[PDB]
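S.K.: Part one of the assembly, not moved from where it sits:
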Amino acid sequence: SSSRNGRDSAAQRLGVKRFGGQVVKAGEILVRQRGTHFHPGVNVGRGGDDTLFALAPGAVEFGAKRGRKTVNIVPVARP
Amino acid sequence: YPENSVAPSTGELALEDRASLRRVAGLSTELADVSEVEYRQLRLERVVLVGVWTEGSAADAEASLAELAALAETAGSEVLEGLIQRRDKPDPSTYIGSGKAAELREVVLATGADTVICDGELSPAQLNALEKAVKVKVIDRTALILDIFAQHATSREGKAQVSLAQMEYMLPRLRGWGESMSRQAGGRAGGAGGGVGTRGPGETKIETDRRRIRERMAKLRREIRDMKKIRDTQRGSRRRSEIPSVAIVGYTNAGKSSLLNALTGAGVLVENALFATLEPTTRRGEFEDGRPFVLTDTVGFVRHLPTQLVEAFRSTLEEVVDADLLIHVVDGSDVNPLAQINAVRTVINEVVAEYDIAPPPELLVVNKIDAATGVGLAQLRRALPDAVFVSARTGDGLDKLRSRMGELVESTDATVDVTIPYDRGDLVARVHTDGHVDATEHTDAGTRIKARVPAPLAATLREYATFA
């Protein structure tokens, strides 16, 4: 009475790695995603696998534009 | 062990005139009403039949397939085609002739098929030999006979006795095809249900484990033991009253239930099928002048009565052996009504052999008058022996069936003249209401008459019986 099922895949730890208002260094990953759940705005770039990474030191921000959630890096002012 | 293997090469199995790979496969069977055999989904199994020509000829040759096609349709699956062979010798392996296994596999693959039938009980191996070759669900005459009763089952009595018959038919072939059926199971719904066939109970299967099968046969046998007591308790009043009873004995589809509806105003079910009425049902009726007698139907009797299913017909057999006058209904469809009647009558012989009381008086009738004898004319009405028939395939009038039935029923009621005086204000009322009032030669005052009376009224008026 064998079972045809039983297989699965590994833990691709997707999800947002830096949330709103979080201070980031350049190059850091912001979301690991499959597809285009999020888009890039200002100072945000897309990697090979639809990853989103910072392009300047700053603070993360999540907004929307034209109907698609986008991630931006607002430049923190030096106090 | 393997000798010259050129048998279907040059040799002929039983080719006296027409055999040995001939597989006439004539009479493609099948029938269409308004098309839409299913109307949404797989409501037909596209079955195929089989027949083995034996003693007899065209008189019966096609008769088997004619009966089987109708029976399979009743089960509710389109019969694609039939296939027989002259078959001088019934081969115990598959009794099919020259073992044309590849040939029948190919002619069933050429057709949608996916279901096959047979004629007669098949031994476990006697059917496996074809299961292997065909690679399709195969169920023989007795399997379908039982499935019909299962589908039509209505009450506890039937749902138990048909269940027992099915278990005991499995008993000799618990190995092989039963496991083959269970392997893929019904698969939503199978071609052979269980205790009730038409969905509902019996949805799972018939035989799955030998232990459970034996257990359930034991329980079922005890249940029928219980039902015998219940039935004989119910059947008290008639035997306690000595009330004449008659039985409608018809082969099948002979309009027994419809005839009962007629002549008695009964409203019993009359469905198009070879096994419609499940248990013998009865009703009180009146003869020409009175005699509040009883009339009962019988359950269908098909050629080669499967002995694997007798618990169902046991009640019917009892109800026919505990009766006086028998009326034999036939169906005017086949070409050999003589064969129909002789076959169905072959059973009363063993009935009386077992429960010997006497050969009951006999009468004949054949329904379907409107549609029957379309090319028969009144030969069967004049030249043929005792028979009366006016019922139509839906219903008609009854003219002398109710007269000769009374004249041939037990005439135990004494007809000796008795003298009834005036005496009380309405003393004659007792006789008027009891013993009929035949020949009410009412005169005057102390009215003098002549009428029949039963044993107690005769003995009560004995002293007053002054000759005319």
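M.R.: All right, it came through fine. Numbers count the residues shown, from 1 in each chain, chains lettered A, B, ... in the order given.
S.K.: Give me the distance between residue A:72 and residue A:47.
M.R.: Between residue A:72 and residue A:47 the computed distance is 16 Å (CB to CB, to the nearest Å). From N, CA and C alone the C-beta is placed, and that goes for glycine too.
S.K.: What of residue A:56?
M.R.: Taking CB to CB, one finds residue A:56 at 16 Å from residue A:47.
S.K.: ok, the two, which is more surrounded?
M.R.: residue A:56 (14 against 10; other CB atoms under 10 Å in any protein chain shown).
S.K.: contacting residues around stretch A:1-12?
M.R.: Residues outside stretch A:1-12 that contact it (CB atoms under 8 Å, 6 or more residues apart in numbering or on different chains): A:32, A:34.
S.K.: What is the end-to-end distance of it?
M.R.: End-to-end span of stretch A:1-12 (CA to CA, to the nearest Å): 32 Å.
S.K.: likewise stretch B:268-279?
M.R.: Between the start and the finish of stretch B:268-279 there is a gap of 11 Å, counting by CA to CA.
S.K.: same deal with stretch B:433-442?
M.R.: With CA to CA as the measure, stretch B:433-442 spans 15 Å from end to end.
S.K.: List the neighbours of that stretch that are in contact with it.
M.R.: Applying CB under 8 Å, 6+ apart, the set of residues contacting stretch B:433-442 from outside is B:289-291, B:413, B:431-432, B:448-454, B:457.
S.K.: farthest pair in those?
M.R.: B:291 and B:448 (24.2 Å; CB to CB).
S.K.: Mind telling me what element residue 3 is part of?
M.R.: Just so you know, I chose chain A. In this structure, residue A:3 is located outside every helix and strand according to DSSP states H and E.
S.K.: now the sequence for RNA strand C, which goes on the structure above:
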RNA sequence: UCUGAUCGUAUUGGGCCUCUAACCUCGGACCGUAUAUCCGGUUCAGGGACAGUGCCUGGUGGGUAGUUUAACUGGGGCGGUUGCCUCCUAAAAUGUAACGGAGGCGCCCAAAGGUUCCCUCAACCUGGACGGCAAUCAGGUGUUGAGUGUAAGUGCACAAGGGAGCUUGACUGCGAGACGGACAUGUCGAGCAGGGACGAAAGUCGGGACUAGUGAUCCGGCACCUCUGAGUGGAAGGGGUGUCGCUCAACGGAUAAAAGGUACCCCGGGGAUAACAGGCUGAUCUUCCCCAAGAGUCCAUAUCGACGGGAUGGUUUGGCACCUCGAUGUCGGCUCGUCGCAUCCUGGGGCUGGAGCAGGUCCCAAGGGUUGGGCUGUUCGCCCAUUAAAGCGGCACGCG
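M.R.: Putting RNA strand C onto the chains we already have gives this:
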């Protein structure tokens, strides 16, 4: 010696026939010898460069030996899996088991890659020769329902979908800083230089819309290098760079190389794990009930009562694996019991399709009783002859 047949003489191998001196004979006769079927010696008779033995070498070889013969597993076997990818389970961060529910992968593409530029489908409506429901064409409606090489999902109409021009970035030398993480693995990466592609430039290009398409180390192969070079110069070998060889698929990969029997078994352990027994559940089973379609001669409920529904008992078949494997001895029979009543007889009642004789069903009732035999291991059941009856069950399927 260069372009080169045949030459004269001397050095040699094989096949075949022989010979005797190597060697062989448990064939004979003599001597050591008085005894000796030993042994050696002389000689005669047969073989004979064979055979046998030494070193080397290819086959046959359980005759014998050393061993291997995986794990998961609602006990074990049998069956079925074993790595990677996607979804649900998965409880709105990540993650999360089950022999839980579905599927794919062990590739493909020299363009289906890079870049520049342009376009918008499916479906529907109306009209048109073949041509139709569906081909190509015209108009309109048509914001995503078509398609996206390949599983599913995340996305894609800003197009990642559809066309075309040119190209090879399917680069070399790197890499701030991060994700994931037992470790080893695994993913992302702006930007700098060299030399290119596309484009007027800005710019994009370190393979494919993303996520599977793979295998550590060892050992060895193949090309190049300002390496090394066992006294010295070389070379052999080694080293670096780049790459190559594993259904090592049991996919973190014991060996380069491996199946089975044991009731002839044995040892170390285990109630971590089974068979009997107890325990929980009650699917199955037994005891009934609820509703009443129908049957029962008319008449649901004298007697039954389908399709459906609710439970009791813990005796059957099972599920679980909680005690017991440093021992709880299995069935049937015999002896001895004791108990429940769901009563077989005897006792008291109701109803009756109870005239009487009897019967059916229900209620109360456990005091006592409930046979002997033939076959059947038979769990058990069939038969014989009686009786008022030859009851059903629990107690480690009571009691070794």
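S.K.: send the alpha carbons of stretch B:4-18 over as PDB?
M.R.: The C-alpha coordinates for stretch B:4-18 follow below in PDB (Å, rounded to 0.1, in the frame of the first residue of the first chain):
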ATOM      1  CA  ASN B   4       1.400 -30.600 -33.100                       C
ATOM      2  CA  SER B   5       0.200 -27.000 -32.500                       C
ATOM      3  CA  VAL B   6      -1.700 -26.500 -35.800                       C
ATOM      4  CA  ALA B   7      -5.200 -26.800 -34.500                       C
ATOM      5  CA  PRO B   8      -6.600 -23.400 -35.700                       C
ATOM      6  CA  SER B   9      -4.000 -23.800 -38.500                       C
ATOM      7  CA  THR B  10      -5.600 -26.600 -40.400                       C
ATOM      8  CA  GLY B  11      -7.600 -28.600 -37.900                       C
ATOM      9  CA  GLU B  12     -11.300 -27.900 -37.000                       C
ATOM     10  CA  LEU B  13     -12.500 -28.100 -33.400                       C
ATOM     11  CA  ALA B  14     -16.200 -29.000 -34.000                       C
ATOM     12  CA  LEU B  15     -16.800 -27.900 -37.500                       C
ATOM     13  CA  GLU B  16     -19.500 -30.400 -38.400                       C
ATOM     14  CA  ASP B  17     -21.100 -27.700 -40.500                       C
ATOM     15  CA  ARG B  18     -20.300 -24.300 -38.800                       C
END
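S.K.: who in chain A is up against RNA strand C?
M.R.: By CB under 7 Å from any atom of the strand, the residues of chain A that approach RNA strand C are A:1-17, A:25-29, A:32-37, A:45, A:47-51, A:53, A:55, A:66-68.
S.K.: Let's add RNA strand D too:
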RNA sequence: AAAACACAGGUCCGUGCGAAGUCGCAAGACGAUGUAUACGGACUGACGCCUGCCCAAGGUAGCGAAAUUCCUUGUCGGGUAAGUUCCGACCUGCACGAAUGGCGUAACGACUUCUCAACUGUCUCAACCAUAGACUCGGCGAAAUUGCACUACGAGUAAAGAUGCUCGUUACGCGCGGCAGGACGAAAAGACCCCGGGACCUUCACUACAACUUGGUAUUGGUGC
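M.R.: If we add RNA strand D to the chains shown above, we get the following:
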């Protein structure tokens, strides 16, 4: 303790003779002080029975029967009140199986399974009698077992079967002779099942070796083609 081994009988195979075979590294030994009417191995296991036209090339050529029992195929009766083993006439068309395996077989058997006659305490169904223990008295005088102790019962609870816990019931202290229902009684670190290790056995598992066999070369030479 037998149906098993053996056995006389039979049929193959090896062996031409310090044979073949076996023990031994070898010498050597047995086989044999024997010689194919013998020796060694291998199966079977007295004795009898098993069937014709083709069968310097005639053709399908497998007999095509039997003494055939899987043959509960009710396919009937005898065996008795009810009878298992069986006994006989039927369904028993590849059935089946046997050219070397099957049928028969007188005699025999502490073999297996049944029926009859006689006989009986085997039984219905038990009673009595004697002896040897038991029992009492005198002498000597162990043993296994043993966490403990002035060690009840019911219903419960608990590692789910309670002398030992809870709540109730019952029971004056101490012995003697008996029964065997408990102490999951004693006995043997369960022989069953699983796990790990082992052993021995099998083989077309792996890898070796003994042994056998094939060739090169040394022993090993001469003359002729």
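S.K.: give me every residue that touches residue 22.
M.R.: Answering for chain A, as no chain was given. A:59-60.
S.K.: To clarify, I was referring to chain B.
M.R.: Contact criterion CB under 8 Å, 6+ apart gives B:15, B:85-86 as the residues in contact with residue B:22.
S.K.: And for residue B:454?
M.R.: For residue B:454, the set of contacting residues under the criterion of CB under 8 Å, 6+ apart consists of B:413-414, B:434-435.
S.K.: on that earlier part again, want to throw the contacts of residue B:22 into a markdown table with distance to RNA strand D and secondary structure?
M.R.: Formatted as a markdown table, the entries for the contacts of residue B:22 read as follows, by distance: CB to the nearest atom of the strand, whole Å; DSSP: H, G, I helix; E, B strand; the rest coil:
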| residue | distance to RNA strand D | secondary structure |
| --- | --- | --- |
| B:15 | 15 | coil |
| B:85 | 17 | coil |
| B:86 | 17 | coil |
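S.K.: Residue B:345 is in contact with residue B:250, correct?
M.R.: No: the pair residue B:250 and residue B:345 does not pass the contact test of CB atoms under 8 Å, sitting 11.4 Å apart.
S.K.: Tell me which of the two has more neighbours.
M.R.: Neighbour count, other CB under 10 Å: between residue B:250 and residue B:345, residue B:250 has more, with 28 against 15.
S.K.: what about the strands in chain B?
M.R.: Along chain B, the segments classed as strands by DSSP state E run B:245-250, B:282-285, B:293-296, B:325-331, B:362-367.
S.K.: A strand includes residue A:37, no?
M.R.: No: Residue A:37: not assigned to a strand; according to DSSP: H, G, I helix; E, B strand; the rest coil it is coil.
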